[PDB]
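S.K.:
There are 2 protein chains.
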Amino acid sequence: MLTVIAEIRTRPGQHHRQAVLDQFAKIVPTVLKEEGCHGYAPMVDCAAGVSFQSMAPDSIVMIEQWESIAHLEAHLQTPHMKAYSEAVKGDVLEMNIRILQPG
Amino acid sequence: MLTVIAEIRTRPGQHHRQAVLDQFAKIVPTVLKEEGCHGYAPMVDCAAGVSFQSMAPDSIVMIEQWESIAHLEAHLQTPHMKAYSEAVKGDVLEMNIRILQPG
Ligand SMILES: CC1=CC(=O)c2ccccc2C1=O
Ligand SMILES: CC1=CC(=O)c2ccccc2C1=O
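Protein chains in written order, with the entry's author numbering: chain A, 1 to 103; chain A', 1 to 103. A prime marks a further copy of an entry chain.
#1: Taking 8 angstroms as the cut-off, is the beta-carbon of residue 68/A' closer than that to any non-hydrogen atom of ligand 2?
#2: Taking the alpha-carbon positions, what's the residue 14/A to residue 52/A' distance?
#3: Give me the subset of the stretch 81–95 of chain A whose CB atoms are less than 8 angstroms from a CB atom of chain A', sorted by chain position.
#4: Any contact of the stretch 74–90 of chain A with the stretch 14–34 of chain A, i.e. 3+ C-beta pairs under 8 angstroms?
#5: On the DSSP bridge list, what partners appear for residue 37/A?
#6: In chain A', what lies closer than 7 angstroms to residue 12/A by C-beta?
#7: Got a sec? Which residues, its chain only, sit under 6 angstroms from residue 61/A' by beta carbon, not counting five neighbours each side?
#8: Examine chain A for any beta-carbon lying closer than 9 angstroms to the beta-carbon of residue 51/A', and answer yes or no.
#9: Provide the residue span of the alpha helix (DSSP H) that contains residue 81/A', from first to last.
#10: Check the Cβ-Cβ distances between residue 72/A and every residue of chain A', and say whether any is below 9 angstroms.
#11: Does the Cβ of residue 83/A' lie closer than 8 angstroms to at least one heavy atom of ligand 2?
#12: Anything with a beta carbon under 5 angstroms from a heavy atom of ligand 1 counts; list them all in chain order.
#13: Ligand 2 and residue 64/A': does any heavy atom of the ligand fall closer than 8 angstroms to the residue's C-beta?
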């Protein structure tokens, strides 16, 4: 029902983006098992050499589906997400989070 | 009376941001003594590991208070500011300057 697209902007260079991705690798199976989660995928740009593509190498884009806002909010308080946030605090600069419905 | 917030964007890496901060260290006491100056503080992001914070490592945020636009404009013509501008010309990319009043 809700679709979340979250862009996580990482610090340039020094394998910061990979550090974050590695933290997601630890957590994604767990998140998929959370109540109300119907998708949770960290994505990165893939250079297709087409003129219409825009790329941001220092970013990870999450695509997620949650049954409700309550389920998303619960997600954010889980220990795996608190552990994730602590683990990536020196790697992440900001997040831009959209909550979307069918248009 | 006027509050100025100026974001100074610096060149990535190569201690450019520190070079600029060092130039501010030279000038801040002088600026505070300028007529009509009631605050002049170069600030940087401080990573608090909270999800709601946005950080830009290649930026310095000035928070200032000036008694009037004339006082600010005079500030910009002082020798310490002309010397500052010359000193940082290879370190700074741009500035975004807001002049604010109580809402
Ligand atoms: C604040 C915040 C932190 C996250 O780690 C996070 C992870 C996945 C989806 C959304 C979010 C979010 O809104
Ligand atoms: C153009 C310009 C240059 C500065 O160096 C500067 C320094 C402090 C406050 C404002 C400014 C400003 O508007």
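A virtual CB, placed ideally from N, CA and C, is assigned to each residue, including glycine.
M.R.: Taking the coordinates as given:
#1: Start at 1 with the first residue of the second sequence, and residue 68/A' comes out as number 68. Result no, Cβ not under 8 angstroms from ligand 2.
#2: Locating residue 14/A in the first sequence gives position 14, counting from the first residue. Locating residue 52/A' in the second sequence gives position 52, counting from the first residue. Distance from the CA atom of residue 14/A to the CA atom of residue 52/A', rounded to whole angstroms, is 24 angstroms.
#3: Of all residues in the stretch 81–95 of chain A, only 85, 86, 89, 90, 93, 94 and 95 place a beta-carbon less than 8 angstroms from a beta-carbon of chain A'.
#4: The answer is yes - the stretch 14–34 of chain A touches the stretch 74–90 of chain A, with three or more Cβ pairs under 8 angstroms.
#5: On the first sequence, residue 37/A is found 37 positions in, with the first residue counted as 1. Residue 37/A is bridged to 66/A.
#6: The residue given as residue 12/A occupies position 12 in the first sequence. Neighbours of residue 12/A on chain A', chain order: 12.
#7: Here residue 61/A' corresponds to residue number 61 of the second sequence, with the count starting at 1. Hits under 6 angstroms: 7 and 43.
#8: Working through the second sequence from its first residue, we reach residue 51/A' at position 51. Yes, because at least one Cβ of chain A sits closer than 9 angstroms to the Cβ of residue 51/A'.
#9: Locating residue 81/A' in the second sequence gives position 81, counting from the first residue. Segment 79–87, the alpha helix (DSSP H) holding residue 81/A'.
#10: In the first sequence, the residue the question calls residue 72/A occupies position 72. Closer than 9 angstroms to the CB of residue 72/A there is not a single CB belonging to chain A'.
#11: Taking the second sequence and counting its residues from 1, one reaches residue 83/A' at position 83. Answer for residue 83/A': no, Cβ out of range of ligand 2.
#12: In chain order, the residues that have a beta carbon nearer than 5 angstroms to some heavy atom of ligand 1 are 6/A, 97/A and 51/A'.
#13: As a working mapping, residue 64/A' is identified with position 64 in the second sequence. Yes, the beta carbon of residue 64/A' sits closer than 8 angstroms to at least one heavy atom of ligand 2.
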